[PDB]
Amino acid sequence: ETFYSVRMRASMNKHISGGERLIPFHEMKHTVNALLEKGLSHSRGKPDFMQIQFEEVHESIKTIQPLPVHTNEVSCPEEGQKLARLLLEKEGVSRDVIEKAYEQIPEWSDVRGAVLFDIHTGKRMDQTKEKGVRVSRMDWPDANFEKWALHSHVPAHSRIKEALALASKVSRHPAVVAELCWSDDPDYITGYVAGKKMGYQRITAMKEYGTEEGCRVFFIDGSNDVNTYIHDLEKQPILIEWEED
């Protein structure tokens, strides 16, 4: 009944891969191996550095539902991004703060973690630079997740499970207005915008095949210092359990 946070990072020289898991002890070997195997064979390359790490969690665990999901079919990245910018505005980010974020996204391609963007300053809020803010201690039991996929008619890919767990944890934070995300994997072009009102909005094309610039940005409207928020994001333990209605 004690849970452990289990984290993996892998890189070349370029970031490669990562994983966050939240598990009971008896699943340690299976989890550590799954994270290992995940790091070794990624399409961004085989890594020359990897770290795997576990710690007992002392905070109590909150179980939540996943964000509601809707999938937007688009014909091209440019259409995808336009729709994304529209949905961020719909969720409450001002056009002008959106534009400033997009001016910076190319420079964030190297950040190994999430970027926090303050809607009050129109500027990046966190001071982690290339490290990025790390969202952790969230997970989604597979069996529950596969039932969710079957009902939702969405493919039971672990990377959707991971992304929707992160997005659901993150959107629950009262200071987070929206998240904008697409992959750094050259072979996966689907991304999303996520928010409290629109839920998890998948957008089937957010970049071209073969490009490696991805993005993850949280738009922050809060009254607290950024370190508090960084601490919430790292420390609040979250499990996703879906229940049909």
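Don't overthink the numbering: it's just position in the shown sequence, from 1.
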{"query": "Absent coordinates between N13 and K14 - deposited residues affected, binned into four classes", "finding": "4 to 9"}
{"query": "Selected stretch [higher average CA B-factor]: 66-74 or 41-49", "finding": "41-49"}
{"query": "Given 147-155 and 133-141, the range whose Cα B-factors average higher in the PDB entry", "finding": "147-155"}
{"query": "Criterion, highest CA B-factor; candidates, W182, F218, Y209, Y200", "finding": "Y209"}
{"query": "Modelled-residue ranking by C-alpha temperature factor, third containing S94", "finding": "highest"}
{"query": "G122 - which third its CA temperature factor falls in, relative to the rest of the chain", "finding": "middle"}
{"query": "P106, C-alpha B-factor rank within chain (lowest, middle or highest third)", "finding": "highest"}
